[PDB]
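Enquirer: Shown below is the structure under consideration.
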2 protein chains.
Amino acid sequence: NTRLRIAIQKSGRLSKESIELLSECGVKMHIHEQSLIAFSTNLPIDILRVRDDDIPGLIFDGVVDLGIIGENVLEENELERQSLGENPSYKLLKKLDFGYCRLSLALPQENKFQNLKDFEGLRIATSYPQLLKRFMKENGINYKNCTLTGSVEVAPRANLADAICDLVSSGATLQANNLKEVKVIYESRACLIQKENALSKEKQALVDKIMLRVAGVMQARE
Amino acid sequence: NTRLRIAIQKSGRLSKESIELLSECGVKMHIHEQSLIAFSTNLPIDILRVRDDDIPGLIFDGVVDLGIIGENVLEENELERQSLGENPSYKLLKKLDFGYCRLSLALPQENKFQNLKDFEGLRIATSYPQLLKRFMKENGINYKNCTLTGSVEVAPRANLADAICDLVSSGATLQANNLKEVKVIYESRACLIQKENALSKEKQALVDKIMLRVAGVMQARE
Ligand SMILES: N=c1c2ncn([C@@H]3O[C@H](COP(=O)(O)OP(=O)(O)OP(=O)(O)O)[C@@H](O)[C@H]3O)c2ncn1[C@@H]1O[C@H](COP(=O)(O)O)[C@@H](O)[C@H]1O
Ligand SMILES: N=c1c2ncn([C@@H]3O[C@H](COP(=O)(O)OP(=O)(O)OP(=O)(O)O)[C@@H](O)[C@H]3O)c2ncn1[C@@H]1O[C@H](COP(=O)(O)O)[C@@H](O)[C@H]1O
Ligand SMILES: [Cl-]
Ligand SMILES: [Zn+2]
Ligand SMILES: [Zn+2]
Ligand SMILES: [Zn+2]
Ligand SMILES: [Zn+2]
Ligand SMILES: [Zn+2]
C-alpha cells in the first residue's frame, strides 16, 4: 500500500474533532457511519475508524501510519505492552487542543480524606489498571484492583469498590454519583502519533505537509 | 459484606441464557436497565452486569464470587495475566449448555489453502491475540499480529490483514465477507467459574445449592 493510513476513533468523544481536524488540514473524506474504512477523496490517505483502545496497538504494530488518540489510552496500552515483555514504540507528532481530561482518584463525598495514605488497602475500580498500578507503586500505597471497562463511577454505590480511578473533565458525573475528586494521577489530551519505522520518502513528505497545516490550524483556533 | 456476587454479561450473546439459567435455578431478580447491580429479591445474591471481557479479571482478583463467561474470553485473559508474570486462578464449576462457538483461522475465499504453513508471514487480524499467539507458537508458524476489538471480518477488505482469527458459530458472517474457515484453533462454550479463595460457610452452602439446580436444569434441557 502506498496510501497513508490514519486511525481515528469510530464513535466516541474524539470522533467529531478528529474528523474536523483532518478536514481543516485539507484532507477531504467520504465517511459511512457504521463502517471501518473511510478514505480521502483528494489525497492518497485511508482513514481507519476503530475502537479507540485499539489505536495504540495498531501504531505499535505498524498496521497504520498515524493515529489520533487520548494520551491516557496510549499510556495505558504502552505500559501493558511493556509489562508483557514487549517494546512498544511510537513517535509523538503533536499534542492537540481537544480531548482534555484527567485521570483521578475519587472517593464517596462523605469520606474522610486527609492523605494519599487514606487509600491504603482500599478496593479501587478503574479502566486504567496499569496507570493506577504505576502511580500507587511510585507512592508506596498498597491497594486492591478492580478492572471495569465501563460504569466505573457506579462501583462504589454498588459496593464493588471503596474508591475509583476514572476520567474527569467537567466533574458532573462525579457529582451525580456523590463522589469527590481527591487526587489527579494523570493529565491527558488527544495526540497525534506515528509508527516507529520510517515511512517512504513520499509518505513522510505527505505527513510533513499535514503537520505544517495542523500547526497552522491550531494557531488560528487560539 | 454478606451477599454472594455473581457476574454476568450486561448485554451480548450470553446475557439472556445467563439470566434464564439463574432464574431457573431459583434466583429471582429483576433485570431492567441497572447500570451495574441487580439485587435478588428472594436470596442474598447480587448480580453484577458487566462487559464480558471484565469477568475473568473480576474472578481472578476476587472482586466477585461467581461468573458466567465464554471459555474463549476466560482463556484469553488468563494468558494475558500470565504473560504479565501474574498467577491468575479460578475454580471451574461447570461447563454449560450454551455459548457454543469456535475460534478459527479464516482466509479470503479465492485463496490457496493447502496447509497451516500457508499462514507463514501473514498479517492476521484478531480480538484474541494471546490465543492466536499460543496456537501459532505451538505449531511453529511465524506471523504478524493485528489486534482489533470489532469488525475483524472486515480487516482483509480494508487491507489491514491477510487473514483473520475469529469466532464462528453458523458461518454466515464469514460467508457474507467472502471468507472461508480453514482451521479451528479453539473450541468454546459458556462456563460457570468461582474465585480461588474460599468462601464463607454460608456463601459456599448457597453455591452448593445453586450447583445442584444448575445440574438439574441442564439435564431437563437435554
Ligand atoms: N469526560 C470524559 C472524557 N473527557 C475526555 N475524554 C477522552 O476521550 C477518550 C474517548 O472516550 P470515550 O468514552 O468515547 O471512549 P470509550 O468510553 O472508552 O469508548 P470506545 O471507543 O472504546 O467504544 C478518552 O479515552 C479520553 O482520552 C474523556 N473520556 C471519557 N470521559 C467520561 O465522560 C463522562 C463525563 O465526564 P465529566 O465532565 O467529568 O462528568 C465521565 O464518565 C468521564 O469518565
Ligand atoms: N458467533 C459468535 C458467537 N457464538 C458464541 N459466542 C460466545 O459469546 C460470547 C459473547 O459474545 P459477544 O459478541 O456478545 O461479546 P462482546 O461483543 O465481546 O460483548 P461485550 O464486550 O459488549 O460484553 C463470545 O465471547 C463467545 O464466547 C460468540 N461470540 C461472537 N460471535 C460472533 O457472532 C457473529 C455471527 O456469527 P456467525 O453465526 O458464525 O455468522 C460473528 O461476528 C461471530 O464472530
Ligand atoms: Cl458506497
Ligand atoms: Zn459510501
Ligand atoms: Zn453499509
Ligand atoms: Zn475505549
Ligand atoms: Zn422491577
Ligand atoms: Zn467483549
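Letters A, B, ... mark the chains of the C-alpha cells in the order given; residue numbers begin at 1 per chain; ligand numbers begin at 1, in order shown.
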Extract, using only C-alpha atoms, all DNA, RNA and protein residues at most 10 Å from residue 199 in chain B, discarding same-chain residues fewer than 6 positions from it, and format them as a list in words.

Expert: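 Near residue 199 in chain B, the qualifying residues are residues 4, 65, 205 and 207 of chain B.
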
Enquirer: Would you kindly report the residues of chain A within 6 Å of chain B, using only C-alpha atoms, as a ChimeraX atom specification?

Expert: /A:54,83-84,148

Enquirer: For the residues selected in the previous step, produce a file with N, CA, C and O atoms as an mmCIF file, in the first residue's frame.

Expert:
```cif
data_model
loop_
_atom_site.group_PDB
_atom_site.id
_atom_site.type_symbol
_atom_site.label_atom_id
_atom_site.label_comp_id
_atom_site.auth_asym_id
_atom_site.auth_seq_id
_atom_site.Cartn_x
_atom_site.Cartn_y
_atom_site.Cartn_z
ATOM 1 N N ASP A 54 -7.885 0.244 20.458
ATOM 2 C CA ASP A 54 -7.068 -0.461 19.500
ATOM 3 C C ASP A 54 -5.998 0.414 18.867
ATOM 4 O O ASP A 54 -5.074 -0.125 18.277
ATOM 5 N N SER A 83 4.763 -4.397 30.064
ATOM 6 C CA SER A 83 4.637 -5.394 31.120
ATOM 7 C C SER A 83 4.506 -6.802 30.570
ATOM 8 O O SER A 83 4.851 -7.764 31.269
ATOM 9 N N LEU A 84 4.030 -6.928 29.327
ATOM 10 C CA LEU A 84 4.012 -8.216 28.638
ATOM 11 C C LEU A 84 5.396 -8.605 28.127
ATOM 12 O O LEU A 84 5.560 -9.678 27.538
ATOM 13 N N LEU A 148 -12.826 -2.531 35.568
ATOM 14 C CA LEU A 148 -14.094 -2.420 34.867
ATOM 15 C C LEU A 148 -13.909 -1.532 33.651
ATOM 16 O O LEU A 148 -13.338 -0.443 33.755
#
```

Enquirer: What residues have any atom no more than 12 Å from ligand 7 when counting only C-alpha atoms and all ligand atoms, and can you list them as a list in words?

Expert: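 Listed by chain and ascending number, the contacts are residues 28, 29, 30, 31, 32, 33, 34, 38, 39, 40 and 41 of chain B.
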
Enquirer: Please identify all protein, DNA and RNA residues within 10 Å of ligand 2, counting only C-alpha atoms and all ligand atoms, and report them as a ChimeraX atom specification.

Expert: /A:149 /B:8-15,49-55,69-74,98-104,127-128,149-153,165-177,187-191

Enquirer: Write down as a list in words the residues of range 18-124 of chain B whose backbone DSSP state falls under strand (DSSP E).

Expert: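 Here are the strand (DSSP E) residues of range 18-124 of chain B: residues 37, 38, 39, 45, 46, 47, 48, 49, 50, 66, 67, 68, 69, 70, 91, 92, 93, 94, 95, 101, 102, 103, 104, 105, 106, 107, 108, 123 and 124 of chain B.
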
Enquirer: Export C-alpha atoms of the chosen residues as a PDB file, in the first residue's frame?

Expert:
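Once written, out27.pdb looks like this:
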```
ATOM      1  CA  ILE B  37     -26.003  -4.091  40.041  1.00  0.00           C
ATOM      2  CA  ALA B  38     -29.246  -6.079  40.326  1.00  0.00           C
ATOM      3  CA  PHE B  39     -30.434  -7.433  43.690  1.00  0.00           C
ATOM      4  CA  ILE B  45     -27.255 -12.544  45.909  1.00  0.00           C
ATOM      5  CA  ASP B  46     -26.104  -9.517  43.879  1.00  0.00           C
ATOM      6  CA  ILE B  47     -25.919  -9.791  40.107  1.00  0.00           C
ATOM      7  CA  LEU B  48     -23.210  -7.642  38.538  1.00  0.00           C
ATOM      8  CA  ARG B  49     -23.890  -6.815  34.909  1.00  0.00           C
ATOM      9  CA  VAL B  50     -20.574  -6.084  33.232  1.00  0.00           C
ATOM     10  CA  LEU B  66     -19.072 -16.466  40.648  1.00  0.00           C
ATOM     11  CA  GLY B  67     -19.061 -15.647  36.964  1.00  0.00           C
ATOM     12  CA  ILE B  68     -20.573 -16.877  33.701  1.00  0.00           C
ATOM     13  CA  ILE B  69     -18.192 -16.407  30.797  1.00  0.00           C
ATOM     14  CA  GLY B  70     -17.144 -17.905  27.473  1.00  0.00           C
ATOM     15  CA  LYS B  91     -12.343 -22.836  40.082  1.00  0.00           C
ATOM     16  CA  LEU B  92     -14.290 -24.309  37.156  1.00  0.00           C
ATOM     17  CA  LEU B  93     -17.704 -25.314  38.485  1.00  0.00           C
ATOM     18  CA  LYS B  94     -19.485 -26.279  35.277  1.00  0.00           C
ATOM     19  CA  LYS B  95     -19.287 -26.205  31.500  1.00  0.00           C
ATOM     20  CA  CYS B 101     -18.549 -21.417  19.133  1.00  0.00           C
ATOM     21  CA  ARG B 102     -15.109 -21.888  17.665  1.00  0.00           C
ATOM     22  CA  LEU B 103     -12.141 -19.611  17.194  1.00  0.00           C
ATOM     23  CA  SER B 104     -10.850 -20.256  13.696  1.00  0.00           C
ATOM     24  CA  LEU B 105      -8.333 -19.066  11.174  1.00  0.00           C
ATOM     25  CA  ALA B 106     -10.023 -17.810   8.016  1.00  0.00           C
ATOM     26  CA  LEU B 107      -8.763 -16.672   4.607  1.00  0.00           C
ATOM     27  CA  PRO B 108     -10.314 -14.899   1.610  1.00  0.00           C
ATOM     28  CA  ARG B 123      -0.788 -10.388   8.917  1.00  0.00           C
ATOM     29  CA  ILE B 124      -3.624 -11.888  10.962  1.00  0.00           C
TER      30      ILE B 124
END
```

Enquirer: Over all C-alpha atoms, paired in order, superpose chain A onto chain B by least squares and report how large the RMSD is in Å.

Expert: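 Answer to one decimal place: 0.5 Å.
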
Enquirer: Just to confirm, what's the straight-line distance from CA of residue 86 in chain A to CA of residue 129 in chain B in Å (one decimal)?

Expert: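 According to the coordinates, CA of residue 86 in chain A and CA of residue 129 in chain B are separated by 13.6 Å.
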